[PDB]
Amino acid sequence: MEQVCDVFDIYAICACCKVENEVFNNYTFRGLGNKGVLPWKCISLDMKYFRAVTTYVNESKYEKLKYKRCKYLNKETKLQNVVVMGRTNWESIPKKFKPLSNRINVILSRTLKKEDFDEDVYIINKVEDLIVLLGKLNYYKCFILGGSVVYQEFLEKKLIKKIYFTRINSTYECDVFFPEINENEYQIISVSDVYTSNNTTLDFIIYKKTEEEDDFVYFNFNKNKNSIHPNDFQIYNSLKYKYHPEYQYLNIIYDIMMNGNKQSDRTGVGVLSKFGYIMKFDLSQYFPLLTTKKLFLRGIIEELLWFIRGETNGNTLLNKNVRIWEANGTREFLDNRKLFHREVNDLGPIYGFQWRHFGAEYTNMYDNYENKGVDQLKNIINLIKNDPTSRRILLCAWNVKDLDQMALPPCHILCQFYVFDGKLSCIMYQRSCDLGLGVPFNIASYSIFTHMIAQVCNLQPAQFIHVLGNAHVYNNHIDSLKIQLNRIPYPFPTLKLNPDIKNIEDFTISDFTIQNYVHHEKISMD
């Protein structure tokens, strides 16, 4: 008829870390505590979150809660929340925080009774006594704070209506663990933005138990296009709040699937296409390596270093077993570009040559172009250092003169940089965007490049901003992207650079570390 946890609004809130090429799932985050305390030193942002949720009340909503609880109990006609702790949980809290401020404190125990406590707290020695207590109290909501024993038995008994679950994206030694959530009993309905706090990333997810209004209608008086189906996005559409920054990428895919224009293309596969998007990623808070599928970064980092050296020799990448440019360097591909006098894997005056030698005459991939052309990479590093408010800090790969000599014209047209308050942001304009295959890597590439330029200019990375021009999904990718859109992102990883690298030319592959990459399974887009 009614559930106890719905009448009395019984929630659980917790924070779980990871515990010691692996496979990941929701149970990856399950570390609760260690040796009777928390596994980590204070993660302060989670404490602020935990305090806002457990202390927040809305007075205007109590009368309905009050009415509803009377009806269930068969009774007639400042506000605070109730919080429930195991006895072990209670003893691990620092004394200066007890009783938890502005909350009604309740402790479960058998070995201790109210005579053993100095504080303003309720003792109860069984779960049934909490329901009795709640029927007699005036309160807004009831939050179960753990520990592990308390969680397990409240989940066991179907007494939890929502789990407020912080995912701590780092590994610690643990000896107690959140119960394995039964995906048939609970589903994720919301996921927050990603944050960094105390040298770890984290997000907040929510499991749920499984007049001027008419003017709006008037103004919408004038509102199965692409053969895409509802049930094919059930998980994606069931989420209420989608604040994880990975949704900037997934929503654009959704948008192209549901509203894109059908078109042919140079390749003949055919695409759905739209025109003009912007994504923004906060590199101060996370490294935006996509988590709804597995991505590798060694190739794109070697590519970036190969760019910065000004190289155009495709053999250099192939010798590191990086095959990104291999198809663009074959005799057949070059011939079909009319590059009949071009040696195999000589890609012509592409990215690297334009960044270090714009306007120089290209000869072959072995020439020494020292002091030919405009070394715009050096120029923009100098403007950032010495003229940070300049609105001319731009790095351009679209050299109109050289386009036909390139193996193919650049997609990443330009980077513009912005400096404020000791922090560096970067816009990259992409003329053509393969959303299913290329954009994931391109986000990672320029995100890394922003870190490198910021460090050698002694700035901190801020936003990477990604403007998409012709944004398209290949029809060959649609079934894979349907799978991918129905996965829930994980908290992003972090990127660390060797801090002793002071000049842009001095990085090597080993100066980069990606830490705490948690990700869904690899996907063949075909």
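Here, rigid core means the biggest group of C-alpha atoms that superpose within 1.5 Å across both forms. One rule holds for the numbers: they count along the sequence shown, beginning at 1.
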Farther-lying stretch by C-alpha RMS in 8 other deposited structures of this protein (rigid core fit) among 115-123, 231-239: 115-123
Between 277-285 and 95-103, larger RMS Cα displacement in 8 other deposited structures of this protein after core fit: 95-103
Coordinates absent for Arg391 in a third or more of other entries: no
Third-or-more of other entries without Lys78: yes
Length class of the unmodelled deposited segment, which would lie between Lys223 and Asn224: 4 to 9
243-251 versus 154-162 - greater average Cα B-factor per the deposited record: 154-162
Mean Cα B-factor comparison, 462-470 or 23-31, giving the higher one as deposited: 23-31
Deposited CA B-factor, highest of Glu303, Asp232, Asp367, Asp375: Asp232
Out of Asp434, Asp387, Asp175, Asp404, residue topping the C-alpha B-factor column of the entry: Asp175
Third of the chain, ranked by Cα B-factor, where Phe441 sits: lowest
Ranked C-alpha temperature factor of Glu332 among modelled chain residues, by third: middle
Assigned third (lowest, middle, highest) for the C-alpha B factor of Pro493: lowest
Chain thirds of CA B-factor: placement of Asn379: lowest
Among modelled residues of the same chain, the CA temperature factor third for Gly422: lowest
